[PDB]
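**Student:** Just entry_14.pdb, nothing more (PDB, C-alpha atoms (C1' of nucleotides)):
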ATOM      1  CA  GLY A  38       0.000   0.000   0.000
ATOM      2  CA  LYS A  39       0.837   3.675   0.226
ATOM      3  CA  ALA A  40      -2.419   5.057   1.649
ATOM      4  CA  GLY A  41      -3.536   5.050   5.276
ATOM      5  CA  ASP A  42      -6.946   5.706   6.773
ATOM      6  CA  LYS A  43      -7.696   7.940   9.753
ATOM      7  CA  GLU A  44     -11.473   8.056   9.815
ATOM      8  CA  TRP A  45     -13.342   9.610  12.748
ATOM      9  CA  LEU A  46     -11.824  11.295  15.746
ATOM     10  CA  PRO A  47     -14.544  11.995  18.345
ATOM     11  CA  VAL A  48     -14.843  15.398  19.983
ATOM     12  CA  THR A  49     -17.867  14.174  21.925
ATOM     13  CA  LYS A  50     -17.850  12.344  25.264
ATOM     14  CA  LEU A  51     -20.215   9.582  24.068
ATOM     15  CA  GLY A  52     -18.072   9.224  20.962
ATOM     16  CA  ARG A  53     -14.991   8.681  23.086
ATOM     17  CA  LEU A  54     -16.309   5.670  25.023
ATOM     18  CA  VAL A  55     -17.311   3.989  21.757
ATOM     19  CA  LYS A  56     -14.003   4.648  19.976
ATOM     20  CA  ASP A  57     -12.048   3.304  22.959
ATOM     21  CA  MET A  58     -14.584   0.484  23.172
ATOM     22  CA  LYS A  59     -16.354   0.273  26.525
ATOM     23  CA  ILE A  60     -19.852   0.643  25.088
ATOM     24  CA  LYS A  61     -20.571  -2.344  22.897
ATOM     25  CA  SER A  62     -24.222  -1.954  21.921
ATOM     26  CA  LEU A  63     -26.746   0.746  21.046
ATOM     27  CA  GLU A  64     -28.900  -0.613  23.859
ATOM     28  CA  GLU A  65     -26.637   0.958  26.449
ATOM     29  CA  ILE A  66     -27.005   4.405  24.848
ATOM     30  CA  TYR A  67     -30.800   4.211  24.582
ATOM     31  CA  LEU A  68     -31.324   3.035  28.147
ATOM     32  CA  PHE A  69     -29.953   6.341  29.451
ATOM     33  CA  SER A  70     -31.599   8.196  26.550
ATOM     34  CA  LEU A  71     -28.352   9.990  25.798
ATOM     35  CA  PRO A  72     -28.065  12.496  22.940
ATOM     36  CA  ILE A  73     -26.255  11.315  19.844
ATOM     37  CA  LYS A  74     -24.449  14.026  17.916
ATOM     38  CA  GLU A  75     -21.938  12.125  15.805
ATOM     39  CA  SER A  76     -23.140   9.932  12.982
ATOM     40  CA  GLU A  77     -20.251   7.484  13.100
ATOM     41  CA  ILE A  78     -21.311   5.986  16.436
ATOM     42  CA  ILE A  79     -24.467   4.513  14.965
ATOM     43  CA  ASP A  80     -22.568   3.495  11.818
ATOM     44  CA  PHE A  81     -20.003   1.630  13.958
ATOM     45  CA  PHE A  82     -22.442  -0.658  15.796
ATOM     46  CA  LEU A  83     -24.437  -0.962  12.586
ATOM     47  CA  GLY A  84     -23.518   0.269   9.101
ATOM     48  CA  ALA A  85     -23.227  -3.413   8.229
ATOM     49  CA  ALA A  86     -26.969  -3.662   7.680
ATOM     50  CA  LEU A  87     -28.107  -0.106   6.870
ATOM     51  CA  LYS A  88     -29.712   0.573   3.481
ATOM     52  CA  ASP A  89     -31.151   3.825   2.172
ATOM     53  CA  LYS A  90     -34.315   4.294   0.183
ATOM     54  CA  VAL A  91     -34.671   7.781  -1.322
ATOM     55  CA  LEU A  92     -38.404   8.458  -1.154
ATOM     56  CA  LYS A  93     -38.941  11.725  -3.026
ATOM     57  CA  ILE A  94     -36.820  14.574  -4.382
ATOM     58  CA  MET A  95     -39.207  17.478  -4.202
ATOM     59  CA  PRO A  96     -38.581  21.067  -5.357
ATOM     60  CA  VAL A  97     -39.440  24.105  -3.240
ATOM     61  CA  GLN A  98     -38.632  27.707  -4.102
ATOM     62  CA  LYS A  99     -38.993  31.237  -2.791
ATOM     63  CA  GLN A 100     -39.482  34.488  -4.649
ATOM     64  CA  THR A 101     -37.152  37.406  -5.177
ATOM     65  CA  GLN A 102     -37.074  40.457  -7.448
ATOM     66  CA  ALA A 103     -34.751  38.702  -9.858
ATOM     67  CA  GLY A 104     -37.217  35.839 -10.291
ATOM     68  CA  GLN A 105     -37.246  32.310  -8.984
ATOM     69  CA  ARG A 106     -34.684  30.719  -6.718
ATOM     70  CA  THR A 107     -34.966  26.954  -6.408
ATOM     71  CA  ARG A 108     -33.762  24.570  -3.719
ATOM     72  CA  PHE A 109     -34.143  20.799  -3.791
ATOM     73  CA  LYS A 110     -35.494  19.022  -0.725
ATOM     74  CA  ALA A 111     -35.204  15.246  -0.525
ATOM     75  CA  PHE A 112     -36.394  12.695   2.002
ATOM     76  CA  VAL A 113     -34.325   9.591   2.629
ATOM     77  CA  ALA A 114     -35.207   6.611   4.806
ATOM     78  CA  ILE A 115     -32.663   4.373   6.503
ATOM     79  CA  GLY A 116     -32.978   1.130   8.362
ATOM     80  CA  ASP A 117     -31.811  -2.380   8.980
ATOM     81  CA  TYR A 118     -34.328  -5.205   9.066
ATOM     82  CA  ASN A 119     -33.418  -6.023  12.663
ATOM     83  CA  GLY A 120     -35.660  -3.283  14.064
ATOM     84  CA  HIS A 121     -33.721  -0.040  13.859
ATOM     85  CA  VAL A 122     -35.078   2.543  11.441
ATOM     86  CA  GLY A 123     -34.738   6.292  11.064
ATOM     87  CA  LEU A 124     -35.649   9.082   8.705
ATOM     88  CA  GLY A 125     -34.351  12.512   7.758
ATOM     89  CA  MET A 126     -35.100  15.389   5.421
ATOM     90  CA  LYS A 127     -32.651  18.015   4.218
ATOM     91  CA  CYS A 128     -32.494  20.665   1.512
ATOM     92  CA  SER A 129     -29.647  22.261  -0.395
ATOM     93  CA  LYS A 130     -29.171  24.230  -3.600
ATOM     94  CA  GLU A 131     -28.126  21.158  -5.582
ATOM     95  CA  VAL A 132     -29.490  17.644  -5.762
ATOM     96  CA  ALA A 133     -26.761  15.125  -4.936
ATOM     97  CA  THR A 134     -25.471  17.119  -1.966
ATOM     98  CA  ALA A 135     -29.021  17.291  -0.546
ATOM     99  CA  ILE A 136     -29.384  13.492  -0.795
ATOM    100  CA  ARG A 137     -26.049  12.915   0.955
ATOM    101  CA  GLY A 138     -27.021  15.505   3.585
ATOM    102  CA  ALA A 139     -30.172  13.533   4.267
ATOM    103  CA  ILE A 140     -28.389  10.176   4.657
ATOM    104  CA  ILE A 141     -26.358  11.799   7.474
ATOM    105  CA  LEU A 142     -29.351  13.391   9.185
ATOM    106  CA  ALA A 143     -31.321  10.148   8.952
ATOM    107  CA  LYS A 144     -28.545   8.149  10.702
ATOM    108  CA  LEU A 145     -28.733  10.559  13.617
ATOM    109  CA  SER A 146     -32.450  10.029  14.287
ATOM    110  CA  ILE A 147     -32.475   6.182  14.310
ATOM    111  CA  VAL A 148     -34.682   4.590  17.009
ATOM    112  CA  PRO A 149     -35.635   1.005  17.960
ATOM    113  CA  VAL A 150     -39.039  -0.635  17.444
ATOM    114  CA  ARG A 151     -40.735  -3.127  19.749
ATOM    115  CA  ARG A 152     -42.388  -6.101  18.126
ATOM    116  CA  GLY A 153     -44.844  -8.553  19.638
ATOM    117  CA  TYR A 154     -47.184 -11.401  18.765
ATOM    118  CA  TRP A 155     -50.763 -11.614  17.577
ATOM    119  CA  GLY A 156     -52.033 -13.439  20.636
ATOM    120  CA  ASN A 157     -50.162 -16.727  20.902
ATOM    121  CA  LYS A 158     -46.442 -17.112  21.186
ATOM    122  CA  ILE A 159     -44.290 -19.330  19.010
ATOM    123  CA  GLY A 160     -41.004 -17.420  19.020
ATOM    124  CA  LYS A 161     -39.669 -14.569  16.891
ATOM    125  CA  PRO A 162     -42.047 -11.522  16.900
ATOM    126  CA  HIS A 163     -43.861 -10.529  13.725
ATOM    127  CA  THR A 164     -46.186  -7.617  14.317
ATOM    128  CA  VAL A 165     -46.692  -4.468  16.389
ATOM    129  CA  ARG A 166     -46.958  -4.628  20.143
ATOM    130  CA  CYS A 167     -50.354  -3.004  20.383
ATOM    131  CA  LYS A 168     -52.700  -0.783  18.417
ATOM    132  CA  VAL A 169     -51.019   2.617  18.283
ATOM    133  CA  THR A 170     -51.315   5.819  16.269
ATOM    134  CA  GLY A 171     -49.220   8.841  15.350
ATOM    135  CA  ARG A 172     -50.268  12.162  13.824
ATOM    136  CA  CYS A 173     -48.342  14.845  11.990
ATOM    137  CA  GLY A 174     -50.460  17.801  10.891
ATOM    138  CA  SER A 175     -53.754  16.004  10.195
ATOM    139  CA  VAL A 176     -52.261  12.956   8.576
ATOM    140  CA  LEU A 177     -52.327   9.931  10.833
ATOM    141  CA  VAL A 178     -51.755   6.219  10.665
ATOM    142  CA  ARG A 179     -53.301   3.593  12.924
ATOM    143  CA  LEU A 180     -51.055   0.537  13.007
ATOM    144  CA  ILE A 181     -53.351  -2.371  14.007
ATOM    145  CA  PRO A 182     -51.871  -5.853  14.839
ATOM    146  CA  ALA A 183     -52.348  -8.679  12.335
ATOM    147  CA  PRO A 184     -51.929 -12.501  12.354
ATOM    148  CA  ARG A 185     -49.100 -14.173  10.431
ATOM    149  CA  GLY A 186     -48.900 -14.267   6.666
ATOM    150  CA  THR A 187     -51.171 -11.322   5.861
ATOM    151  CA  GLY A 188     -48.252  -9.082   4.854
ATOM    152  CA  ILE A 189     -48.141  -5.318   5.194
ATOM    153  CA  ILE A 190     -51.358  -3.820   3.846
ATOM    154  CA  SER A 191     -50.721  -0.147   3.397
ATOM    155  CA  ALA A 192     -50.150   2.492   0.729
ATOM    156  CA  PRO A 193     -46.742   2.413  -1.067
ATOM    157  CA  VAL A 194     -45.211   5.182   1.094
ATOM    158  CA  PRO A 195     -45.643   3.623   4.630
ATOM    159  CA  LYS A 196     -45.020   0.163   3.100
ATOM    160  CA  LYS A 197     -41.376   1.261   2.733
ATOM    161  CA  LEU A 198     -40.965   2.257   6.376
ATOM    162  CA  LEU A 199     -42.770  -0.710   7.982
ATOM    163  CA  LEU A 200     -40.842  -3.156   5.753
ATOM    164  CA  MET A 201     -37.527  -1.576   6.769
ATOM    165  CA  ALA A 202     -38.610  -1.843  10.408
ATOM    166  CA  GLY A 203     -38.879  -5.610   9.893
ATOM    167  CA  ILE A 204     -42.557  -5.595  10.879
ATOM    168  CA  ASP A 205     -43.971  -8.463   8.858
ATOM    169  CA  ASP A 206     -47.731  -8.172   9.120
ATOM    170  CA  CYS A 207     -49.842  -5.117   9.744
ATOM    171  CA  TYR A 208     -53.129  -3.423   8.879
ATOM    172  CA  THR A 209     -53.304   0.359   8.643
ATOM    173  CA  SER A 210     -55.888   3.084   8.330
ATOM    174  CA  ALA A 211     -55.269   6.664   7.268
ATOM    175  CA  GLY A 212     -57.217   9.860   7.758
ATOM    176  CA  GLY A 213     -56.874  13.129   5.890
ATOM    177  CA  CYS A 214     -54.481  14.237   3.148
ATOM    178  CA  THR A 215     -51.767  11.786   2.114
ATOM    179  CA  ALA A 216     -50.617  13.353  -1.163
ATOM    180  CA  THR A 217     -48.297  15.635   0.826
ATOM    181  CA  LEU A 218     -46.034  12.739   1.663
ATOM    182  CA  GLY A 219     -43.572  14.640   3.872
ATOM    183  CA  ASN A 220     -46.255  14.641   6.582
ATOM    184  CA  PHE A 221     -47.380  11.097   5.758
ATOM    185  CA  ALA A 222     -43.976   9.508   6.283
ATOM    186  CA  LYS A 223     -43.224  11.478   9.439
ATOM    187  CA  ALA A 224     -46.607  10.313  10.803
ATOM    188  CA  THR A 225     -45.674   6.672  10.159
ATOM    189  CA  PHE A 226     -42.312   7.262  11.817
ATOM    190  CA  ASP A 227     -44.138   8.845  14.773
ATOM    191  CA  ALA A 228     -46.332   5.755  15.187
ATOM    192  CA  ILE A 229     -43.490   3.223  15.241
ATOM    193  CA  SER A 230     -41.594   5.330  17.803
ATOM    194  CA  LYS A 231     -44.365   5.197  20.433
ATOM    195  CA  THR A 232     -44.174   1.394  20.764
ATOM    196  CA  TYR A 233     -41.550   1.433  23.548
ATOM    197  CA  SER A 234     -43.348   4.299  25.278
ATOM    198  CA  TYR A 235     -46.572   2.290  25.553
ATOM    199  CA  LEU A 236     -46.915   0.683  28.979
ATOM    200  CA  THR A 237     -48.080  -2.924  29.014
ATOM    201  CA  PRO A 238     -48.754  -5.304  31.954
ATOM    202  CA  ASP A 239     -45.518  -7.116  31.050
ATOM    203  CA  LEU A 240     -43.451  -4.101  32.053
ATOM    204  CA  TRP A 241     -45.066  -3.675  35.484
ATOM    205  CA  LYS A 242     -42.129  -5.522  37.119
ATOM    206  CA  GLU A 243     -39.606  -3.140  38.670
ATOM    207  CA  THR A 244     -36.412  -2.034  36.885
ATOM    208  CA  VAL A 245     -33.212  -2.430  38.894
ATOM    209  CA  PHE A 246     -31.450   0.830  37.888
ATOM    210  CA  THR A 247     -27.736   0.949  37.218
ATOM    211  CA  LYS A 248     -25.037   3.616  37.057
ATOM    212  CA  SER A 249     -24.381   5.452  33.783
ATOM    213  CA  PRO A 250     -21.627   4.347  31.337
ATOM    214  CA  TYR A 251     -20.312   7.922  31.760
ATOM    215  CA  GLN A 252     -20.150   7.295  35.506
ATOM    216  CA  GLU A 253     -18.531   3.867  35.601
ATOM    217  CA  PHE A 254     -15.963   4.491  32.835
ATOM    218  CA  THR A 255     -15.098   8.031  34.007
ATOM    219  CA  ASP A 256     -11.515   6.941  34.799
ATOM    220  CA  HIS A 257     -10.871   6.431  31.092
ATOM    221  CA  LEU A 258     -12.566   9.711  30.200
ATOM    222  CA  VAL A 259     -10.007  11.581  32.269
ATOM    223  CA  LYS A 260      -6.403  10.959  31.302
ATOM    224  CA  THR A 261      -6.319  13.172  28.227
ATOM    225  CA  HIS A 262      -9.696  12.146  26.840
ATOM    226  CA  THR A 263     -12.812  14.178  26.000
TER     227      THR A 263
ATOM    228  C1'   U B   1     -54.852  -7.873   0.471
ATOM    229  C1'   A B   2     -58.948  -3.538   6.834
ATOM    230  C1'   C B   3     -54.420   0.329   0.837
ATOM    231  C1'   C B   4     -54.891   4.812  -2.315
ATOM    232  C1'   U B   5     -52.466   8.214  -6.763
ATOM    233  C1'   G B   6     -52.705  12.919 -10.257
ATOM    234  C1'   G B   7     -54.962  18.187 -10.463
ATOM    235  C1'   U B   8     -56.423  25.253  -7.219
ATOM    236  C1'   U B   9     -50.198  28.278  -5.621
ATOM    237  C1'   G B  10     -44.211  31.764  -7.017
ATOM    238  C1'   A B  11     -43.858  28.115  -2.910
ATOM    239  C1'   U B  12     -46.281  25.547   1.721
ATOM    240  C1'   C B  13     -50.106  23.368   4.784
ATOM    241  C1'   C B  14     -55.642  22.405   4.664
ATOM    242  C1'   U B  15     -60.975  22.159   3.123
ATOM    243  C1'   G B  16     -63.320  19.993  -1.189
ATOM    244  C1'   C B  17     -64.697  18.059  -5.703
ATOM    245  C1'   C B  18     -63.026  16.210 -10.321
ATOM    246  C1'   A B  19     -60.089  12.350 -12.787
ATOM    247  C1'   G B  20     -57.422   7.780 -12.227
ATOM    248  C1'   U B  21     -58.254   2.085  -9.886
ATOM    249  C1'   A B  22     -61.024  -3.014  -9.232
ATOM    250  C1'   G B  23     -65.463  -6.199  -9.522
ATOM    251  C1'   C B  24     -70.256  -7.085 -11.395
ATOM    252  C1'   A B  25     -74.241  -7.228 -16.159
ATOM    253  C1'   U B  26     -76.233  -5.478 -20.722
ATOM    254  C1'   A B  27     -74.924  -3.611 -25.466
ATOM    255  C1'   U B  28     -70.979  -3.215 -29.101
ATOM    256  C1'   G B  29     -65.899  -3.293 -31.874
ATOM    257  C1'   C B  30     -61.673  -6.283 -33.290
ATOM    258  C1'   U B  31     -59.661 -11.137 -33.020
ATOM    259  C1'   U B  32     -60.349 -16.878 -32.261
ATOM    260  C1'   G B  33     -56.828 -24.006 -32.671
ATOM    261  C1'   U B  34     -59.182 -28.189 -29.021
ATOM    262  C1'   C B  35     -62.201 -29.914 -24.702
ATOM    263  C1'   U B  36     -66.455 -29.937 -20.783
ATOM    264  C1'   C B  37     -70.532 -27.114 -18.482
ATOM    265  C1'   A B  38     -74.948 -23.724 -20.681
ATOM    266  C1'   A B  39     -77.864 -18.200 -20.427
ATOM    267  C1'   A B  40     -80.953 -16.745 -24.671
ATOM    268  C1'   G B  41     -87.602 -11.256 -27.682
ATOM    269  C1'   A B  42     -87.667  -9.526 -19.894
ATOM    270  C1'   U B  43     -86.162  -4.073 -20.358
ATOM    271  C1'   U B  44     -89.408  -1.292 -25.708
ATOM    272  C1'   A B  45     -95.289  -2.604 -27.767
ATOM    273  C1'   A B  46     -99.688  -7.592 -21.291
ATOM    274  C1'   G B  47     -98.580  -4.552 -29.449
ATOM    275  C1'   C B  48    -100.521  -7.616 -33.784
ATOM    276  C1'   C B  49    -100.509 -12.408 -36.077
ATOM    277  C1'   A B  50    -100.289 -16.429 -41.907
ATOM    278  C1'   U B  51     -99.315 -21.721 -41.534
ATOM    279  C1'   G B  52     -98.393 -26.477 -38.779
ATOM    280  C1'   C B  53     -98.689 -28.690 -34.221
ATOM    281  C1'   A B  54     -99.460 -28.475 -28.282
ATOM    282  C1'   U B  55    -105.671 -33.799 -24.651
ATOM    283  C1'   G B  56    -107.242 -37.718 -25.076
ATOM    284  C1'   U B  57    -108.818 -42.479 -23.346
ATOM    285  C1'   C B  58    -110.944 -49.888 -23.082
ATOM    286  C1'   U B  59    -109.914 -54.708 -19.691
ATOM    287  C1'   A B  60    -111.564 -61.745 -19.344
ATOM    288  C1'   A B  61    -115.141 -57.869 -16.517
ATOM    289  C1'   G B  62    -120.883 -51.295 -19.302
ATOM    290  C1'   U B  63    -123.374 -51.598 -24.602
ATOM    291  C1'   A B  64    -121.117 -55.455 -30.902
ATOM    292  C1'   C B  65    -127.260 -58.395 -35.915
ATOM    293  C1'   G B  66    -120.432 -52.959 -39.180
ATOM    294  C1'   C B  67    -124.179 -56.250 -44.033
ATOM    295  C1'   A B  68    -115.973 -55.302 -41.759
ATOM    296  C1'   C B  69    -112.503 -59.888 -41.271
ATOM    297  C1'   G B  70    -113.041 -64.792 -39.311
ATOM    298  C1'   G B  71    -115.362 -69.443 -38.740
ATOM    299  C1'   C B  72    -116.159 -75.041 -39.708
ATOM    300  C1'   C B  73    -120.425 -76.067 -36.294
ATOM    301  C1'   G B  74    -122.614 -73.312 -34.612
ATOM    302  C1'   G B  75    -126.359 -70.015 -31.724
ATOM    303  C1'   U B  76    -129.024 -72.878 -27.333
ATOM    304  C1'   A B  77    -128.278 -65.158 -23.954
ATOM    305  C1'   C B  78    -123.940 -66.784 -26.851
ATOM    306  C1'   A B  79    -117.097 -66.877 -29.981
ATOM    307  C1'   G B  80    -112.614 -64.986 -31.828
ATOM    308  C1'   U B  81    -110.805 -60.293 -33.405
TER     309        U B  81
END
Will you turn the file into structure tokens for me?

**Tutor:**
Amino acid sequence: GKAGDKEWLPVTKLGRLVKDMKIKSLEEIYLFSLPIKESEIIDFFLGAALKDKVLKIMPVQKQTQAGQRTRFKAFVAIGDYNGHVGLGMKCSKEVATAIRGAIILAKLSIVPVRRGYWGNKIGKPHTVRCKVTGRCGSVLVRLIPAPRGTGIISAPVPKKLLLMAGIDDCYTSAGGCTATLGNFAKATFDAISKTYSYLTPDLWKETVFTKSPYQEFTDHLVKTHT
RNA sequence: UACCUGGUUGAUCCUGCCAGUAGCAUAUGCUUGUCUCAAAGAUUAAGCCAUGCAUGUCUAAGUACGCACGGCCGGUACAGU
């Protein structure tokens, strides 16, 4: 060879524990609900199963005395089929740059989904935990559980997101405008997010509590480290 | 298969209709090699009709002098068909 690599040097505390390798799953991060700020952290644990699916590339434009001025705004989905999905929108003066700007922003906003069973257990979840909703500006979706082998029955736009989530079988119902897909996709994304925030009788058992990764590994975060 | 997509603006988010989509049954266009199943003058004029046909029927057992046939030998109630 004659060419090295050097990629990523964290300037963030959370980034430093991952690069020095003390955190070894996303599940640690999420349990303390820490901010994520660097898009390499997510792409280190994953990035070996993340795909992108560019939904729309939509023009928008404002008005000035010299005429039109046009910016391109594109939406880009991201997700592995193991239950982590995310979504981002971004705009720029040119097309390709806006797409690549959206793939970064989408990595940042990745969240987990909680899957469950129709009513009888047989191992390996296949549907949504419970009947949930999510609204974004008078578009809404109502993800309703479904038995095995019925597939995802939805419009083409949410059929992307739910498929990327790894949710196998679902029924949906929409209300209001859905031709303004920027709302429609965010409303789907809203619905899948709420799954872990829905309290179920399962979760009534008490959580132990444990000290933060920041707390326990603080001796490695002070030597010269950020 | 518990589903949507295009269109009011310089641009955005709504309200709302229009158009797109699929099945079903009537008509119609164009095209048609083999097999099984088969709906068919209802929609309008319960308007009008040539011609042909669509309800007849006898057992040992209601009535046989058909001069019909037959008999064989006829008639005494009197054969058989």

**Student:** Hey, which bits of chain B sit within 8 Å of chain A, and for each residue what's the closest pair of atoms and how far apart in Å (one decimal), counting only C-alpha atoms (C1' of nucleotides), rows by chain and increasing number, as JSON lines?

**Tutor:**
{"residue": "B:1", "atom": "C1'", "partner": "A:190", "partner_atom": "CA", "distance": 6.3}
{"residue": "B:2", "atom": "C1'", "partner": "A:208", "partner_atom": "CA", "distance": 6.2}
{"residue": "B:3", "atom": "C1'", "partner": "A:191", "partner_atom": "CA", "distance": 4.5}
{"residue": "B:4", "atom": "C1'", "partner": "A:192", "partner_atom": "CA", "distance": 6.1}
{"residue": "B:5", "atom": "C1'", "partner": "A:216", "partner_atom": "CA", "distance": 7.8}
{"residue": "B:10", "atom": "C1'", "partner": "A:100", "partner_atom": "CA", "distance": 5.9}
{"residue": "B:11", "atom": "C1'", "partner": "A:98", "partner_atom": "CA", "distance": 5.4}

**Student:** Please measure the separation of CA of residue 198 (chain A) and CA of residue 162 (chain A), giving the value in Å to one decimal.

**Tutor:** 17.4 Å

**Student:** Evaluating the PyMOL selection byres ((chain A and resi 155-158) around 7) on the displayed file yields which residues, as a VMD selection string?

**Tutor:** chain A and resid 153 to 154 159 to 160 164 182 to 184

**Student:** Run through the PyMOL selection byres ((chain A and resi 69) around 12) on the given coordinates and return the selected residues as number ranges by chain.

**Tutor:** A: 51, 63-68, 70-73, 246-252

**Student:** If we draw a sphere of 10 Å around (-41.4, 0.4, 7.5), which residues have at least one atom in it when counting all atoms listed in the file? Please report them as a count of residues only.

**Tutor:** 25

**Student:** Kindly resolve the PyMOL selection byres ((chain A and resi 151) around 8) on the present coordinates and return the residues as a VMD selection string.

**Tutor:** chain A and resid 120 149 to 150 152 to 153 165 to 166 232 to 233

**Student:** What is the distance between CA of residue 109 (chain A) and CA of residue 128 (chain A), in Å to one decimal?

**Tutor:**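 Separating CA of residue 109 (chain A) from CA of residue 128 (chain A) is a distance of 5.6 Å.
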
**Student:** Can you tell me how far CA of residue 62 (chain A) sits from CA of residue 78 (chain A), in Å to one decimal?

**Tutor:** 10.1 Å

**Student:** Taking every listed atom of region 62-65 of chain B and adding 6 Å to each side, what centre and edge lengths in Å (one decimal) does the axis-aligned box have, as AutoDock Vina command-line options?

**Tutor:**
--center_x -124.1 --center_y -54.8 --center_z -27.6 --size_x 18.4 --size_y 19.1 --size_z 28.6

**Student:** Go through A:90, A:108, A:130, A:168 and flag the residue nearest residue 235 (chain A), using only C-alpha atoms for the distances.

**Tutor:**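 Checking each candidate against residue 235 (chain A), we get A:168 as the closest.
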
**Student:** List as a PyMOL selection string the protein and nucleic acid residues near region 258-263 of chain A, meaning an atom at most 12 Å away when only C-alpha atoms (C1' of nucleotides) are counted, but skip any in the same chain fewer than 4 places from it.

**Tutor:** chain A and resi 46-59+250-254
